[PDB]
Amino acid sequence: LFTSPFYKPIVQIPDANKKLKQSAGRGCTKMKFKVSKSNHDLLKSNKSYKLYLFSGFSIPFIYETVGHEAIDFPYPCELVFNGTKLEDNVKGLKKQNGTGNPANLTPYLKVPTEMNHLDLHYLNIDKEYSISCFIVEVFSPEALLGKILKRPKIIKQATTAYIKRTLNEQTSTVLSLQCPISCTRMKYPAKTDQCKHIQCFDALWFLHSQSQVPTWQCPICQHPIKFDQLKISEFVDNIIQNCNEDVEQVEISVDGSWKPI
């Protein structure tokens, strides 16, 4: 589904749809389609435009839209576009559904006058799938970080109020300045207002992780979050800007004050 911030649709490619039906065993599904010269000119008009293949669960017996499906490729799958195998990690996190990525067909496209062949080899198919192709504008983690930075941060007053309201449980708590993902000093300590914890994670490393495994779960509380909920924490940010690189942890009291450990 186009709920991802890394790619957004510009136009659907016609005659590039396909339904994959259940198969007991071995099989291969073929798709022929052409990409008009106008769509080639559009791809050339902007460096951020790519041709992405999408696969989703095809829920039967009801109406479904072209994009609303969460990205789910049949696992295992071998995708071959114009003879060249696609090395894309199309379906990451095999254990979870909806954590797949699209396949980039842009570099292996043929001229408009010729035909594009997409083969999909499989050993079995337990559920029906919908296959689509879209031209999309892609965004890198750095641009998305820029978007996050331009947002209003989580004010330090809110964090101090939360600390004071929490530590009255029945002495001190440890705030890490390190990122759980990168294991390095955070540069962009971020989280969500939905998160019930003062600990943060580096926004850039989070976006880097999600760009290859779209779980969209907080690396700390594992709650499902969304891109537009990410905001910088002014409290941890100020603590970092006023600390030496040596410090990895910090002691926090009910006062909101903080001491290097």
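Note that residue numbering follows the sequence shown and begins at 1.
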Q | Between residue 113 and residue 114 - deposited residues without coordinates, as a size class | A | none
Q) With respect to the recorded C-alpha B factors, which stretch has the higher mean value, 122-130 or 92-100? A) 92-100
Q) Mean C-alpha B factor from the entry: is it higher for 14-22 or for 238-246? A) 238-246
Q) With respect to the C-alpha temperature factors reported in the PDB entry, which of 142, 137, 87, 72 ranks highest? A) 87
Q | Top residue by Cα temperature factor, when 167, 105, 149, 179 are compared in the entry | A | 167
(Q) Taking only the Cα B-factors deposited for this chain, tell me whether residue 213 sits in the lowest, middle or highest third. (A) middle
Q: For residue 77, return the chain-relative third of its C-alpha B-factor as stated in the PDB record: lowest, middle or highest.
A: middle
Q: Would you mind ranking residue 66 by its C-alpha B-factor against the rest of the chain and naming the third, lowest, middle or highest?
A: highest
Q: Going by the recorded CA B-factors, say which third of the chain residue 224 sits in, lowest, middle or highest.
A: highest
(Q) Going by the CA temperature factor in the PDB record, which third of the chain does residue 109 belong to: lowest, middle or highest? (A) middle
